[PDB]
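Step one of this worksheet: look at the structure below.
Taken together, the values in this text are just the output of simple stated rules run on the coordinates, not laboratory data. Don't worry about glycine lacking a Cβ; one is built from the backbone with ideal geometry, like all the others, and counts go over all protein chains shown.
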Amino acid sequence: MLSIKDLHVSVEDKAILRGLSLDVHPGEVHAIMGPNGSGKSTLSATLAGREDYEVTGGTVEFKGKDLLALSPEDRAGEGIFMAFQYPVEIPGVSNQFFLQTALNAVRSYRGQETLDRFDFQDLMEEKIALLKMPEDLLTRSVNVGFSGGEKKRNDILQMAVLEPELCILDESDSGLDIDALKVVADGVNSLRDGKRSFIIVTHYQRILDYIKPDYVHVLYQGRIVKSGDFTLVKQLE
Amino acid sequence: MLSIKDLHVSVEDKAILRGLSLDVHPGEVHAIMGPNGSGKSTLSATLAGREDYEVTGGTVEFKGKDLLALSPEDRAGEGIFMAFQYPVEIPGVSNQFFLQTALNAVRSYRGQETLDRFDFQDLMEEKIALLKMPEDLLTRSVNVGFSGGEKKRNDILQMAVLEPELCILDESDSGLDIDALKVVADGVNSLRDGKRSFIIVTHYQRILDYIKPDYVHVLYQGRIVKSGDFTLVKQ
Amino acid sequence: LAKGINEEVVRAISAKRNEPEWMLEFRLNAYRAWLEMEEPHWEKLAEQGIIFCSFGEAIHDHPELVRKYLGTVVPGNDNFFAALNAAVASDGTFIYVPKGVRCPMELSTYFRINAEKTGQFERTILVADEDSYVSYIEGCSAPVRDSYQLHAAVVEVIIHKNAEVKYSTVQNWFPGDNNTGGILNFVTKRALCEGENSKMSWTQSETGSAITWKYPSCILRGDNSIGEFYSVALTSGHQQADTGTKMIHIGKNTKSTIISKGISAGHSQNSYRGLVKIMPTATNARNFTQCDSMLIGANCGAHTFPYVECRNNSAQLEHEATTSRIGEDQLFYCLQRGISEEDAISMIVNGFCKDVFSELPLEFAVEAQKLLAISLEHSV
Amino acid sequence: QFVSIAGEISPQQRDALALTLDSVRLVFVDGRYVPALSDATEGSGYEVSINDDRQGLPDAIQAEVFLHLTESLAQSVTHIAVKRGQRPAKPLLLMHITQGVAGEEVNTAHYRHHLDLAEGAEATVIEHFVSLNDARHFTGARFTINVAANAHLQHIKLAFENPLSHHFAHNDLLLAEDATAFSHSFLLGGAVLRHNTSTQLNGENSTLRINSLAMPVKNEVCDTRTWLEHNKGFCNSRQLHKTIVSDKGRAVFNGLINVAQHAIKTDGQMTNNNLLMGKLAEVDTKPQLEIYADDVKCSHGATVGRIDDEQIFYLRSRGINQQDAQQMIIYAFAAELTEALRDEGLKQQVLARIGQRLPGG
Ligand SMILES: [Hg+2]
Ligand SMILES: [Hg+2]
């Protein structure tokens, strides 16, 4: 029951977004598009919790509570996950230690307990094959030695493990080819149980042919100036 | 042309060679075989000039000179060449600067002279051609970035340019195949003028089908206890 | 220990045990050496021949044993603090290891005490005679006073033909929040590979000292000797560490490895400084040193001044040093997936430090990583 | 006991020891400038003034005993300036010729020079030091340099004085915003030679490079040291210092790098490769990093090792003699240093100097 209303957020003292409003219910996919420099990355970042964003008015509510009053560490527990456009390299730290820690943390919050070994193991294997990751993923250091294309697919494998409620893709498709695109499509869709909702911040129209969105909005001047269904992308032409 | 007599050599006082004697005449190709550890690798090195070889007995004379007393640099001028089993990479030194100086050196020591650069490239290419070598050898760093097969094959190109009188192959067949085997043979055979000679210290025997030897000798713990011709069999 | 120190105090700590006069005078020259010096800038099992008893008990029941090794490698007078510890020290640990014996277990005395700190000075001396394998572990983990207390230990190790010594160290102090804060760690540990084919291997994780003074050494005198050194050092608040190593190469074909990981946070300054020396007799020496540093935040300091003096034309030495960090975006990427910032900084460093903790026994490695974790959070 | 008697030489002597190069050459003898033997600088694109005027000199970056003495004992100051955006067609060349005196007396000469590079200028300046003969001397030199915005400097110093001379020199580099500075020093002469290079990055987004080659022979000691301060951020620095010590000679290297707080995005690396050829040779290196900013990446690496005897054996066994063989690997070793010399003509003369200390020539 995510509800964003008349949102104003500033970056480096400059107003970019001037009143974007959006409501997202379970099991639906929304696509945000437009030219570079219109708030897309900033919007995702604002939701994620970047420290360089002064919110100058407005509200963003999730399950009826104000999320913006909650700390960064707190938002993932609630269910927000962001696939980074530029995944960071963590030399010396294996995904296993990483994922478990990521997993326990969100498990601790929500008042639930640490998963049991064998499942975590049974789950990865099933998923590690699904996203064409190196079979020796678990032992390599997070994104070290990975190409641009390899680092991007991995955050999604992660997505399929930390069990988030709302997944946001901020141009995480950059530099990816047709081959890379289909697996990512199998990864996001496979998590669809009508449970999760998804917001796809588009880089190119690319993907909506592989991950058809239910509602489409195009952002301009930091405001939504047009909204529609999948058909909207084709119509302005 | 080559006479090695009652040779005894120890390294770190290790008793290795049994008293080996051999006679090689001009224009002849001799084949050397046997197991590892009986001195094969030591023989080439001893011939080549490693300073870590304590000679405990015997003599080696070449054209009436005591060969064991002469230095390495002197050996190439006289006409001795050794194909290394494991060619060394020398980063930062192009083949051209190297070979010309090397060629001049042996040319110097033989007291004749000398090629003309302009001439030399027409010669190189032609040799570069005989072994299907990269056209950019001259510009490349000696054996740098070369595979084992390429490093080995480089030595044969080297042989035709430095024009030795006696060519010794020190286990240069290890790790190779029929195709590479085919290129080295065209190079070695091409140096056969009925005067020039070759000594093949085999790692293994398959090599002898393209470069037919005239004589074959067998080592066992550093001595020839049986000698013969090309016709030879295993068990 | 205080009040005071005189010649009679020395003569008083001696004679508190029926002490032979060899043990005594050793202290006196030290004391005499201390005097000429100015003060420098800020389970029950029966062996297997092995002796594992206290330092004091050793003098008393085994003097001839003690007689042959003490002061052989680190003289009283070697420097300021090593003279003062030899004199004045009652507490400590003695270990001798006999022919043909592989120590059944790894000897360790590190325990996570919550009684407050025992004693100010000590000296351990471990000797492994030929064909020996022993793992020794040292350290303590105590809360700390609101007085400056000075811990200035000295460890001497002597390793003979075909022998091996594995030496571990986990010291961890806790003075919440910022207090002194506050303990002066002035240790001089040195080991002699006597000692053909001898192998010495220093390993250490260290945390929470106010001031550190330390030069874990490997002395490769024997031929085919091998030294290795793995050191983790953390500093926070306004702490200062000054730790390193002096490597003297004498034997033939000696090889040495130095890996240091120094983490720096807040406004603290941690500096690595060590030395690789190759004598002309040290034919075909080879060393590879690595001193990586992670700095946390922009107002603290990490420094590195290695020294290499080589006098031999068969040596092969390579030395690398590299800088790494925790970035905002790196920090943010971790936090956003629900792991806290406090917990984040702890994870990355443990990953950063993985290659040193590897060389530790796995069990003390786990203990080592959880305490470094909590020492960070309190203080970062 | 040292004395300073300033003699005079002829043009013939200059040609036999001078490099073959088309440049603007200023000649200094026994600490004294000799006009008649130097080229004119007016209209060269280089503004040059020689006086005892010290009104402009910056304060010293790192004070130590021998520097105050030299500035104070310096007989003159060389005022050099290049106006904004000007790019001279020819490099500025300062050849230094020092001579000794008969007796037990030690002749001493001190050179003092200052260069000002206005905004956008890019020029190359070369220092050449040589001994007129075998008579001993104490040489002093000091280069302070101010590098304005968008300027690019290529500095080369060639100390090729005799095996018996003493060499103590000190150059300074001051960089502004958008600056680039390249320095290559070849310390090839003197019984004892000591070169220090201190640099300050007082401007953002700047690039600095400092290389040097030391080749000490029999009983000589060559210590090449550098000092760099990254006071501002966004600067990138690269350093390559190599040394080759044969027959009882001694090399010393010292490199301090200080990174000031707030000096974000600094990228500094330092490499030192040392080659030992004599059985009595020594090499001492002491690198020092002082970093006070976390979002940076600085690192240094240094190696020490001997000639690969197997390639030498490999090379000789095909016929190349010992002297030429030893020589071939060394030119390859220093190749990375020698290749930065864009001028082939200059490079060959530099190569000739190197070769004479090898087991050849
Ligand atoms: Hg370091
Ligand atoms: Hg650095």
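Among the residues making up the stretch D:286-316, those that are farther than 24 Å from C:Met294 by Cβ, touching a strand residue (DSSP E or B) at 6+ places or on another chain (Cβ under 8 Å) and surrounded by fewer than 24 Cβ atoms within 10 Å (Cβ to Cβ) are D:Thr303, D:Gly305, D:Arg306, D:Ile307.
Scanning the stretch A:4-59 for residues that are within 17 Å of A:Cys167 (Cα to Cα), assigned to a loop (DSSP other than H, G, I, E, B) and among the small types (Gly, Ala, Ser) yields A:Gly27, A:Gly49. Looking at C:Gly338, C:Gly251, just one residue is touching a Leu at 6+ places or on another chain (Cβ under 6 Å), of a type outside the set (S, T, N, Q), part of a loop (DSSP other than H, G, I, E, B) and away from ligand 2 (no atom under 16 Å from the Cβ), and that residue is C:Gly251.
For the stretch C:286-306, the set of residues classified as away from ligand 1 (no atom under 14 Å from the Cβ), outside any strand (DSSP E or B) and not aliphatic (A, V, I, L, M) consists of C:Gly297, C:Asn299, C:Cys300, listed by residue number. What is the one condition in (1) more than 26 Å from A:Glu28 (Cβ to Cβ); (2) part of a loop (DSSP other than H, G, I, E, B) that A:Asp173 does not satisfy? Going through (1) more than 26 Å from A:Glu28 (Cβ to Cβ); (2) part of a loop (DSSP other than H, G, I, E, B) one by one, A:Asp173 breaks only (1). Taking the criterion of being within 13 Å of ligand 1 (Cβ to nearest atom) and within 24 Å of C:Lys277 (Cα to Cα), the residues of the stretch D:270-296 that qualify are D:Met270, D:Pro287, D:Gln288, D:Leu289, D:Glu290.
Taken together, D:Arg25, D:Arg14, D:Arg87 contain a single residue that is surrounded by 11 or more Cβ atoms within 10 Å (Cβ to Cβ) and in a loop (DSSP other than H, G, I, E, B), which is D:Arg87.
Considering only the stretch C:307-317, I want to know if a residue exists there that is under 24 Å from the mean Cα position of the chain (by Cα), within 15 Å of ligand 1 (Cβ to nearest atom) and either closer than 26 Å to C:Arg221 by Cβ or in a helix (DSSP H, G or I) (or both). Yes, the stretch C:307-317 contains at least one residue that is under 24 Å from the mean Cα position of the chain (by Cα), within 15 Å of ligand 1 (Cβ to nearest atom) and either closer than 26 Å to C:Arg221 by Cβ or in a helix (DSSP H, G or I) (or both).
Given the structure, is C:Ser324 outside any helix (DSSP H, G or I) and more than 14 Å from chain A (Cβ to nearest Cβ)?
The answer is no for C:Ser324.
With respect to C:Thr281, determine if the residue is part of a loop (DSSP other than H, G, I, E, B), more than 7 Å from chain D (Cβ to nearest Cβ) and β-branched (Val, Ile, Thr). Judged against the criteria, C:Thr281 is a match.
Note on the stretch D:174-193: residues that are part of a strand (DSSP E or B) and surrounded by 20 or more Cβ atoms within 10 Å (Cβ to Cβ) amount to 9.
Under the condition of being facing chain C (nearest Cβ under 8 Å) and either within 16 Å of ligand 2 (Cβ to nearest atom) or in a loop (DSSP other than H, G, I, E, B) (or both), which residue from the stretch D:265-284 is surrounded by the fewest Cβ atoms within 10 Å (Cβ to Cβ)? Step by step, filter the stretch D:265-284, then rank; the result is D:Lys279. Comparison of A:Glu54, A:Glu78 shows that the only residue that is over 18 Å from the mean Cα position of the chain (by Cα) and not hydroxyl-bearing (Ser, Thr, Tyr) is A:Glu54.
Which residue, of C:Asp329, C:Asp355, is facing another protein chain (nearest Cβ under 7 Å), surrounded by fewer than 22 Cβ atoms within 10 Å (Cβ to Cβ) and closer than 25 Å to D:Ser299 by Cα?
Numbers: C:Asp355 fails: facing another protein chain (nearest Cβ under 7 Å).
One residue alone meets the criteria, C:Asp329.
Taken together, the residues in the stretch A:115-141 that are more than 23 Å from the chain's Cα centre (by Cα) and away from chain C (no Cβ under 14 Å) amount to 9.
So that you can scan it fast, the table gives a plain yes or no per residue for (1) touching a helix residue (DSSP H, G or I) at 6+ places or on another chain (Cβ under 7 Å); (2) aliphatic (A, V, I, L, M); (3) within 18 Å of C:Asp129 (Cβ to Cβ); (4) surrounded by 15 or more Cβ atoms within 10 Å (Cβ to Cβ):
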site: C:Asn29; (1), (2), (3), (4): no, no, no, yes
site: C:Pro40; (1), (2), (3), (4): yes, no, no, no
site: C:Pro75; (1), (2), (3), (4): no, no, no, yes
site: C:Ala82; (1), (2), (3), (4): no, yes, no, yes
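Any idea which residue in the stretch C:275-294 is nearest to C:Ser209 (Cα to Cα), counting only those that are within 16 Å of ligand 2 (Cβ to nearest atom) and under 20 Å from the mean Cα position of the chain (by Cα)? Spell out how you get there, then give the answer.
Just the residues of the stretch C:275-294 that are within 16 Å of ligand 2 (Cβ to nearest atom), to begin with: C:289-294.
In the following step, the residues that additionally are under 20 Å from the mean Cα position of the chain (by Cα) were identified as C:289-293.
On the way: C:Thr289: 25, C:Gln290: 23, C:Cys291: 20, C:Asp292: 20, C:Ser293: 18 Å.
The qualifying residue nearest to C:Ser209 (Cα to Cα) is C:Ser293.
Taking only the stretch C:363-380 into account, find how many residues are β-branched (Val, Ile, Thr) and part of a helix (DSSP H, G or I). Quick ask: steps written out before the conclusion?
Keep residues of the stretch C:363-380 that are β-branched (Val, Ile, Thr), which gives C:366, C:374, C:380.
Remaining after also requiring part of a helix (DSSP H, G or I): C:366, C:374.
Final tally of qualifying residues: 2.
Filter the stretch D:209-249 down to the residues that are acidic (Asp, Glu) and over 20 Å from D:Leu158 (Cα atoms) and list them by number.
Once the filter is applied, which keeps residues that are acidic (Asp, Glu) and over 20 Å from D:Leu158 (Cα atoms), the stretch D:209-249 yields D:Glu229, D:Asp247.
Taking into account only those residues within the stretch A:69-95 that are part of a helix (DSSP H, G or I) and either surrounded by 15 or more Cβ atoms within 10 Å (Cβ to Cβ) or in contact with a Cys (Cβ under 8 Å, 6 or more places away or on another chain) (or both), which is farthest from the other protein chains (Cβ to nearest Cβ)?
Let us first name the residues in the stretch A:69-95 that are part of a helix (DSSP H, G or I), namely A:69, A:72-78, A:95.
Now drop any that are not either surrounded by 15 or more Cβ atoms within 10 Å (Cβ to Cβ) or in contact with a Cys (Cβ under 8 Å, 6 or more places away or on another chain) (or both), which leaves A:72-78, A:95.
Working: A:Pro72: 5, A:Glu73: 5, A:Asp74: 8, A:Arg75: 7, A:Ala76: 3, A:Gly77: 5, A:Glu78: 9, A:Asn95: 11 Å.
Of everything passing the filter in the stretch A:69-95, A:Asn95 is farthest from the other protein chains (Cβ to nearest Cβ).
Here's a check for you: in the stretch D:297-314, which residue that is more than 7 Å from every other protein chain (Cβ to nearest Cβ) and among the aliphatic types (A, V, I, L, M) is nearest to ligand 1 (Cβ to nearest atom)? Checked the stretch D:297-314; the qualifying residue nearest to ligand 1 (Cβ to nearest atom) is D:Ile307. Restricting attention to the stretch A:190-208, does a residue exist that is surrounded by fewer than 17 Cβ atoms within 10 Å (Cβ to Cβ) and under 23 Å from C:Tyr333 (Cβ atoms)? Yes - at least one qualifying residue is present in the stretch A:190-208.
Is at least one residue of the stretch D:240-253 away from ligand 1 (no atom under 16 Å from the Cβ) and over 26 Å from C:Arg311 (Cβ atoms)? Spell out the reasoning first.
Of all residues in the stretch D:240-253, those away from ligand 1 (no atom under 16 Å from the Cβ) come to D:240-253.
So of that shortlist, the ones also over 26 Å from C:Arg311 (Cβ atoms) come out as none.
No; the residues of the stretch D:240-253 include none that is away from ligand 1 (no atom under 16 Å from the Cβ) and over 26 Å from C:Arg311 (Cβ atoms).
Under the condition of being within 15 Å of ligand 2 (Cβ to nearest atom) and β-branched (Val, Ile, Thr), the residues counted in the stretch D:285-308 number 3.
Cβ-Cβ contacts under 7 Å between residues 6 or more apart (or on different chains), taken from a first residue in the stretch A:180-196 that is small (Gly, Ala, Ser) to a second residue that is in a loop (DSSP other than H, G, I, E, B), are listed as A:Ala185/A:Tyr210; A:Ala185/A:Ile211; A:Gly187/A:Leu131; A:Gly194/A:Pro26; A:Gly194/A:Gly27.
Within the stretch D:334-341, is even one residue at the interface with chain B (Cβ under 7 Å from one of its Cβ atoms), closer than 25 Å to C:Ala285 by Cα and outside any loop (DSSP other than H, G, I, E, B)? No, every residue in the stretch D:334-341 fails to be at the interface with chain B (Cβ under 7 Å from one of its Cβ atoms), closer than 25 Å to C:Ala285 by Cα and outside any loop (DSSP other than H, G, I, E, B).
Of all the numbered requirements in (1) under 13 Å from D:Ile80 (Cα atoms); (2) touching a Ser or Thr at 6+ places or on another chain (Cβ under 8 Å); (3) β-branched (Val, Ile, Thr), D:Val27 misses one, and that requirement is (1). Among residues of the stretch A:34-68 being within 14 Å of another protein chain (Cβ to nearest Cβ) and surrounded by fewer than 12 Cβ atoms within 10 Å (Cβ to Cβ), the one that is farthest from A:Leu236 (Cα to Cα) is A:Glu51.
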